[PDB]
Amino acid sequence: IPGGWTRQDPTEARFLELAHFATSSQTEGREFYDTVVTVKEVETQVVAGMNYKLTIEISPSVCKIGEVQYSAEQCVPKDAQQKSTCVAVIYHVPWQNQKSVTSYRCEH
Ligand SMILES: [Cl-]
């Protein structure tokens, strides 16, 4: 098993699922949840578990934080033309059912 990053097909559903998980989770200093517009790039790394590195475009959603629960389906972009590019790293330990956001960094 190599230690490096392996580039994936970014259009896979599981990666969109993970992108929403990471984005829905960024709630500091906002009135609204941000949401995912697009998954541009994906890289995985085998550690004691799996690292997912997602390059995504995000946009503010219609869902107000603390007013509703986040869902991909409900929380569409206010305006999907207003995009920001971020890199999210998710650490997954499948046998403990744990996902954490290692880092979430927006170029903008
Ligand atoms: Cl690394």
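The first residue you see is number 1, and the count goes up from there.
This deposition comes from X-ray crystallography, 2.5 Å.
Backbone N, Cα and C atoms are what each Cβ position is placed from, and that goes for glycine too.
Summarising the annotation, Swiss-Prot assigns disulfide bond to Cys63-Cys75 (among others) and lists experimental evidence as the type of evidence. Spatially close to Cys63 (disulfide bond) yet at least six residues away along the chain are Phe32, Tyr33, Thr35, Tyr70, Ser71, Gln74, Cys75, judged by Cβ distances under 8 angstroms. Under the three-state DSSP scheme, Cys63 (disulfide bond) falls in the strand class.
What Swiss-Prot lists as disulfide bond is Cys86-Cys106 (among others). Of all Cβ atoms in the protein chains displayed, 22 besides its own lie within 10 Å of the Cβ of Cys86 (disulfide bond).
Taken from Swiss-Prot, the feature domain 'Cystatin' covers 8-95.
By a simple count of nearby Cβ atoms, those within 10 Å, the most crowded of the disulfide-bonded residues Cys75, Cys106 is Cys75.
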